[PDB]
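Each reported figure results from applying straightforward, stated rules to the coordinates on display, with no laboratory input. Note that we place each Cβ from the backbone using ideal geometry, even for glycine, and neighbour counts take in every protein chain shown.
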Amino acid sequence: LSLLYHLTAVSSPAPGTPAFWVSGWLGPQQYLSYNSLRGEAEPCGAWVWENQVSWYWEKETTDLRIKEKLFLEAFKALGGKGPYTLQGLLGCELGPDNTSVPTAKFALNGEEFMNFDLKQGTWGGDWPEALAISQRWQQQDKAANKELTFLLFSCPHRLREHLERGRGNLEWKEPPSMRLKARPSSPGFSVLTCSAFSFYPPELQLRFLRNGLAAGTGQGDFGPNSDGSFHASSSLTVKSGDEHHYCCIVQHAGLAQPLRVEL
């Protein structure tokens, strides 16, 4: 798992909306928000209770405010008819031989149009626009260098800290609470909803079972909770009465072994 930033900036936000705002994810886990109205780096969740490095958050607050302006200066590179949406995906993960894997990505109106060629420290995309911003972004002094610094050097550090300081919060595995219920369906049929509640990590497989013999994942949907846990369901359609001759099976880190569920 890696260290990643969701940043998104809009030309025409709603009255009371951050024209630009960011998120911090330790893989599938959030730990930071940040906006422009308030504009202070305020961490979220169990990373509120992380043995922090005092000044460190302020150091993010600086790192983030720089990008902040870049993303706002960007709409000046764009003389289009508007309104506009510019998305950013940044981060890096520590690999095998101690190094990291940088991920600098950009979408304009939700359409990927820029990576950051580390091989020469430059922004890239053959559209007119991703050659208006990459060009003005070069025109900004030391911005392409507060980059190689930020992806190669500042990143893996923040990662090789939190991994030591807070490893547990990740290493932590919370098992799901199940309930397999069944509502009746179209005249002569019954749906099989396997409800899954409050689990971490997300990596959950479900699997249906016909009175012993196999069956397969039904119509399977998914989401998160508030605390940072996850919820899931999957359903299949069976013969009414015949349903009681069916079981649910859940596979997740929180349990020792694939567990059955009954009706």
| query | Counting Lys and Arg as +1 and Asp and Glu as -1, what is the net charge of the other residues whose Cβ lies under 14 Å from the Cβ of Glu243? | reply | +2
| Förster-model FRET efficiency, 41 Å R0, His244 and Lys173, C-beta, rounded to 0.05 | 0.80
| request: Using amide H atoms built 1.01 Å from N in the peptide plane, name the residues 5+ places from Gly124, or on other chains, whose amide H lies under 5 Å from its own. | output: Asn115, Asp117
| task | Equivalent ellipsoid semi-axes for segment 172-262, as square roots of 5 times the alpha carbon gyration tensor eigenvalues: give them largest first, rounded to whole Å. | result | 25, 14, 9
| query | If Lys and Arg each add +1 and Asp and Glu each add -1, what is the summed charge of the other residues whose beta carbon sits under 15 Å from the beta carbon of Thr62? | reply | 0
| query | For the residues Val22, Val48, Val101, what sequence is obtained by ranking on other C-beta atoms within 10 Å, fewest first? | reply | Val48, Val101, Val22
| note | Listed with the fewest Cβ neighbours within 10 Å leading, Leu209, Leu151 appear as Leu209, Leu151
| With charges only on Cβ, +1 for K and R and -1 for D and E, what is the dipole size of segment 172-262 about its Cα centre, in debye, rounded to 20? | 220
| Between rounded, prolate and oblate, where does segment 129-177 land on the alpha carbon gyration tensor, with a ≥ b ≥ c its root eigenvalues, rounded for a/c under 1.5, else prolate if a/b exceeds b/c? | oblate
| note | Computed over all unlike Cα pairs, the Kirkwood hydrodynamic radius of the chain in Å stands at 21.5
| query | Given N residues in segment 34-125, what is Rg(Cα) / (2.2 N^0.38 Å)? | reply | 1.31
| query | Got a sec? Charge dipole of segment 172-262, +1 on Cβ for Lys and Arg, -1 for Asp and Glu; which of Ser240, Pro184, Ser195 is way out at the positive end? | reply | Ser240
| Burial ranking of peptide ranges 128-136, 85-93, 37-45, 253-261 (average Cβ count within 10 Å, highest at the top) | 85-93, 128-136, 37-45, 253-261
